Trainee: 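What follows is a single structure, and I will ask about it in a moment.
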Amino acid sequence: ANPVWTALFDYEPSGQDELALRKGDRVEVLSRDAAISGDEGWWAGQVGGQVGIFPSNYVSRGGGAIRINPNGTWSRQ
Amino acid sequence: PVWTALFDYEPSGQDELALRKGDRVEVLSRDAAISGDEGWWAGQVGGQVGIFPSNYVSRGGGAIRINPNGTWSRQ
């Protein structure tokens, strides 16, 4: 498998290659690295049988109970 | 205005800023003048000005965060 991230917010595609997200969706992340530099920040993922690109700032790892701090420690929320 | 880096990012181009998760980023422009550069923002990290992907930051460095769907949260 690939890592599974969770959508934080709804996202509505603006084009046909973009993946629609709704809050709480589990997204399998297939690539975090755009081939074209102008697309950096968009990740490829799969949800619901569909594969497309989505903005990385709409997803998180898990549900929020554990936080990774800037200094690399973990905390409970 | 202060933003926070969401992810580590290692740059691979000229003028691009290194990000580490949790960095404070001061955003200078949210709008590339050229169409090829749309999606990249200009800002300053650690005293250095350069560009970075917009989607690798979130707004706010204190108790209130602004999400990209236009909502606000307590951090």
Side-chain angles (χ1 to χ4, degrees), chain A residues 2-47 50-64 67-72, chain B residues 1-62 64-73:
Chain A
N2 293 291
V4 172
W5 291 61
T6 301
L8 292 168
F9 319 111
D10 297 345
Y11 176 68
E12 187 66 351
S14 74
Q16 270 297 165
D17 294 349
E18 298 177 10
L19 185 72
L21 306 175
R22 298 294 183 264
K23 178 175 179 192
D25 285 348
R26 289 235 184 125
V27 184
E28 183 176 354
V29 178
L30 305 176
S31 173
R32 306 202 294 160
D33 301 310
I36 291 320
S37 57
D39 293 327
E40 187 70 35
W42 289 74
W43 291 357
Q46 182 171 350
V47 171
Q50 293 194 287
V51 173
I53 63 167
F54 61 91
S56 60
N57 52 330
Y58 283 59
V59 295
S60 206
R61 297 176 182 276
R67 180 172 78 236
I68 313 305
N69 297 309
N71 68 5
Chain B
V2 175
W3 294 64
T4 303
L6 294 174
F7 313 112
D8 295 340
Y9 180 55
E10 305 186 14
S12 53
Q14 195 196 120
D15 320 316
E16 302 179 4
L17 296 177
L19 306 174
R20 298 305 177 253
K21 176 175 173 64
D23 281 350
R24 290 347 200 232
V25 183
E26 289 181 36
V27 173
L28 294 176
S29 171
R30 294 178 280 178
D31 295 275
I34 291 322
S35 288
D37 284 337
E38 172 196 348
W40 288 72
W41 286 359
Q44 173 275 123
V45 173
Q48 179 58 48
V49 172
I51 64 168
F52 56 88
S54 66
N55 290 352
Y56 294 166
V57 298
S58 74
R59 176 69 172 105
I64 301 304
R65 305 305 187 85
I66 317 300
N67 297 314
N69 73 337
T71 68
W72 69 263
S73 298

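Labels below follow one simple rule: chain letters A, B, ... track the order of the sequence lines, proteins then strands, and each chain is numbered from 1. Scope of the values below: all heavy atoms of this structure, side chains included, with no hydrogens, waters or symmetry mates.
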Trainee: For B:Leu6 versus B:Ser58, what's the shortest heavy-atom pair and its separation?
Mentor: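 Closest approach of B:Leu6 to B:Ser58, heavy atoms only: CD2-OG, 3.7 Å.
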Trainee: Do B:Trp40 and B:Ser54 come within less than 4.5 Å of each other through their side chains, counting heavy atoms only?
Mentor: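 When only atoms from C-beta onward are counted, B:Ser54 and B:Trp40 do not touch, as no gap falls below 4.5 Å.
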Trainee: Look at the aromatic rings of B:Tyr9 and B:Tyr56 and report parallel, tilted or perpendicular, splitting at 30° and 60°.
Mentor: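 Rings of B:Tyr9 and B:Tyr56: tilted, 30 to 60°.
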Trainee: Nearest 0.5 Å, what's the CG-CG distance between B:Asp8 and B:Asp23?
Mentor: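 Atom-to-atom, B:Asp8:CG and B:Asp23:CG are 8.5 Å apart.
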Trainee: Can a salt bridge be assigned to the pair A:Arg32 and A:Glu40 using a cut-off of 4.0 Å between side-chain N and carboxylate O?
Mentor: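 Salt bridge absent between A:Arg32 and A:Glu40.
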Trainee: Does A:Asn2 have more than 12 heavy atoms from other residues, nucleotides or ligands lying within 6.0 Å of its CG?
Mentor: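 Atom CG in A:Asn2 is packed in, count exceeds 12.
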Trainee: Going by side chain to side chain donor-acceptor pair (under 3.5 Å), name the residues that satisfy it together with A:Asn69, two or more places apart in sequence or in a different chain.
Mentor: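 Expected list: A:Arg67, A:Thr73, A:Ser75.
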Trainee: Name the orientation class of the two ring planes belonging to A:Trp5 and A:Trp43 (parallel below 30°, tilted from 30 to 60°, perpendicular beyond 60°).
Mentor: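 Because their plane-to-plane angle is over 60°, the rings of A:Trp5 and A:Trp43 count as perpendicular.
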Trainee: Would you say that A:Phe9 contacts A:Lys23 through its side chain, given a criterion of any heavy-atom pair below 4.5 Å between the two side chains?
Mentor: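 They are not in side-chain contact.
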Trainee: Can a donor-acceptor pair be found, under 3.5 Å and without considering hydrogens, that links the side chain of B:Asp37 to the backbone of B:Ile34?
Mentor: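 Side chain of B:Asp37 to backbone of B:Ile34: no pair is present.
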Trainee: Would you name the heavy atoms of B:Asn55 and A:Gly41 that are closest together and state the gap between them?
Mentor: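 What the structure gives for the nearest pair is ND2-O, 3.2 Å.
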Trainee: List the residues meeting side chain to side chain donor-acceptor pair (under 3.5 Å) with A:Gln46, not counting sequence neighbours, and say none if there are none.
Mentor: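 Here no residue qualifies.
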Trainee: Check this for me: A:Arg22, atom CZ, are more than 12 non-hydrogen atoms of other residues, nucleotides or ligands nearer than 6.0 Å?
Mentor: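 Counting other residues, nucleotides and ligands, CZ of A:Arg22 exceeds 12 neighbours.
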Trainee: If you define the side chain from C-beta out and look only at heavy atoms, does anything of A:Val29 sit under 4.5 Å from A:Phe54?
Mentor: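 When only atoms from C-beta onward are counted, A:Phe54 and A:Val29 do touch, with a gap below 4.5 Å.
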